[PDB]
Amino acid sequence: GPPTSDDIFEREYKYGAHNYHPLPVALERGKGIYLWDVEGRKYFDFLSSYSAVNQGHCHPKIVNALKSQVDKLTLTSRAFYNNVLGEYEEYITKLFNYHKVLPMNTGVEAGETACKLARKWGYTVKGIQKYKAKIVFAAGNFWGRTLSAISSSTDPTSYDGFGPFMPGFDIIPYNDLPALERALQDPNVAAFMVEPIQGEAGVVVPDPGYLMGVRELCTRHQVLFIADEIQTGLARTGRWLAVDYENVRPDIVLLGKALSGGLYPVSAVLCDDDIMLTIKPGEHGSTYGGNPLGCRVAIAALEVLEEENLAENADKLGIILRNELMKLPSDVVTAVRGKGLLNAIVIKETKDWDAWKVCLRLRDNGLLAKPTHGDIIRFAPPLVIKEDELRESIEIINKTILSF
């Protein structure tokens, strides 16, 4: 016979590392906003694979781009040229209005690249003494799991037991302009890296004006403003980039996750020549970075966001979701927050009943969501969701929450 859910759980427990704490559900198919488990049950996806399937699971446009290119050429490395990478480079730099892009594969690779750019520019353009360059981060940041990434983390689960840590990384509170201003008094700071909304920290939305103040302080003190839009970008919050809400232009922009619609690990580092060209030939790279397959996929994934106006849809539907969640009782759900279709609720955790239990019952009533910590549940469905489907989801959430 074919494996049950319990069979699948057991096999991974035996042959796979235990580095995740998954919700016990076993999926075999996805399409648009929906996932199906091996028992044939249907679920609303309200995680979107950490906002990587903004376009919905298996979008036909993106699938067709992948199938078309895989027959021709998939990997040359950048030791040679191919005919696709330049077409993608011209498309994406003109779309976001930066001189250049440096292609990578995963989100954390984009972040590492940005740190290297910041340091290189710091030493060769700004003139910092080697090797005294600093990069400032905000408390609660998440940008991956390399040794460098977790060195900037304030979450012990991320860094405990994995030191000694990368020097030159400082931390200030998020959503705190006086703290940024105090930090940038040090001329050895080369960059401030920040998420326009902190995702994995629990959808922490900064106050109106924060990003304007950030852009202002970074310009004033000759510091690069690095915007990590790997989770918040690409229509998820209701705009091409979440920084578009305050119409601010960062020095470096990071994209990933939804850049491929979930079909291929593609990430990108966008910035102007004065920054980008501090890195000379041979001084940075990646084997699969910029490969023609990922590029065809990324072009299609970006075109989907545009053609279907998913940003406008996320903006419209997000406020409906938040407004409805705000009707839940003040002492079962203690906060609602988000922008566009990146949202979260905080539940009054008891030692009897918590976010994990809510999510188990959400699963049972046909909706997949994951907690982060033990009192916050994230709601992030694919951006192709329609209003009637959203309202059905909302009913499921009401039903579940009010059932405890």
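Numbering starts at 1 and runs along the sequence shown. For the two forms, the rigid core is made up of the largest set of C-alpha atoms that agree within 1.5 Å on superposition.
**Stretch with larger C-alpha RMS deviation in 9 other deposited structures of this protein, core superposed, 348 to 356 versus 49 to 57** = Farther from the shown form on average in 9 other deposited structures of this protein: 348 to 356.
**Asked** Of the two stretches 129 to 137 and 324 to 332, which shows the higher Cα B-factor on average in the entry?
**Response** Stretch with the higher mean C-alpha B-factor: 324 to 332.
**Request:** Between 101 to 109 and 68 to 76, point out the one with the higher average CA B-factor as the PDB entry records it.
**Result:** Looking at the recorded C-alpha B-factors, 68 to 76 comes out higher on average.
**Request:** Would you mind checking which of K316, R182, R215, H221 has the top Cα temperature factor in the PDB entry?
**Result:** In this record, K316 carries the highest C-alpha B-factor of the candidates.
**Asked** Among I345, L360, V53, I33, which carries the highest Cα B-factor?
**Response** Reading the PDB entry, the winner on C-alpha B-factor is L360.
**Request:** Just say lowest, middle or highest third for the CA B-factor of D155 relative to the other modelled residues in its chain.
**Result:** As the PDB entry reports it, the C-alpha B-factor of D155 lands in the middle third of its chain.
**Asked** So where's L341 on the chain's Cα temperature factor ranking, which third?
**Response** Within its chain, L341 is a lowest-third residue by C-alpha B-factor, going by the deposited values.
**Item:** Cα B factor band for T372 (lowest, middle or highest third within the chain)
**Value:** Ranked within chain, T372 CA B lands in the highest tercile.
**Asked** Split the chain's modelled residues into thirds by Cα B-factor; is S48 in the lowest, middle or highest one?
**Response** As the PDB entry reports it, the C-alpha B-factor of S48 lands in the lowest third of its chain.
**Asked** C-alpha B factor of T278, ranked within the chain: lowest, middle or highest third?
**Response** Middle third - that is where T278 ends up once the chain's C-alpha B-factors are sorted.
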